[PDB]
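Peer 1: Submitted below is the structure of interest, expressed as structure tokens.
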């Protein structure tokens with residue numbers, strides 16, 4: 502399967518503190534451009550954590566988005 506083919510798969514994120522709110526978005530549900538997908542980090546065969554994580558690049562917050570929330574540990 503390809504990252505674009507299986508772009509309807511989302512992942513649940515949990516906030517580090519009570520103030521923050523959990524996140525749940527998918528590839529197709531967070532991208533609206535072919536080239537856009539390229540930058541964010543979408544070649545072809547994605548792993549699992551990589552696909553969802555691409556969202557940070559879309560929203561422009563890969564710095565504190567992966568730290569403030571439980572993404573990569």
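In the working numbering, the protein residues as written are 502 to 574.
Beta carbons are placed, not taken as given, at the ideal position from N, Cα and C, and that holds for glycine.
What is the rounded straight-line gap between the Cα of residue 529 and the Cα of residue 508?
Peer 2: One-based indexing of the chain shown puts residue 529 at position 28. One-based indexing of the chain shown puts residue 508 at position 7. Taking the straight line joining both Cα atoms gives about 5 angstroms.
Peer 1: Return the bridge partner residues of residue 516 from the DSSP annotation.
Peer 2: Translated into positions along the chain shown, residue 516 becomes position 15. BP columns for residue 516 point to 570.
Peer 1: Which word fits residue 553, buried or exposed, when buried means at least 16 other C-beta atoms lie within 10 angstroms of its C-beta?
Peer 2: Residue mapping note: residue 553 aligns to position 52 of the chain shown, counting from 1. Per the 10 Å Cβ criterion, buried.
Peer 1: Can you tell me whether residue 528 is helix, strand or coil according to DSSP?
Peer 2: The residue given as residue 528 occupies position 27 in the chain shown. DSSP places residue 528 in coil when its eight states are reduced to three.
Peer 1: Considering residue 509, what are the terminal residues of the alpha helix (DSSP H) in which it resides?
Peer 2: The residue given as residue 509 occupies position 8 in the chain shown. First-last for residue 509: undefined, no H or E at that position.
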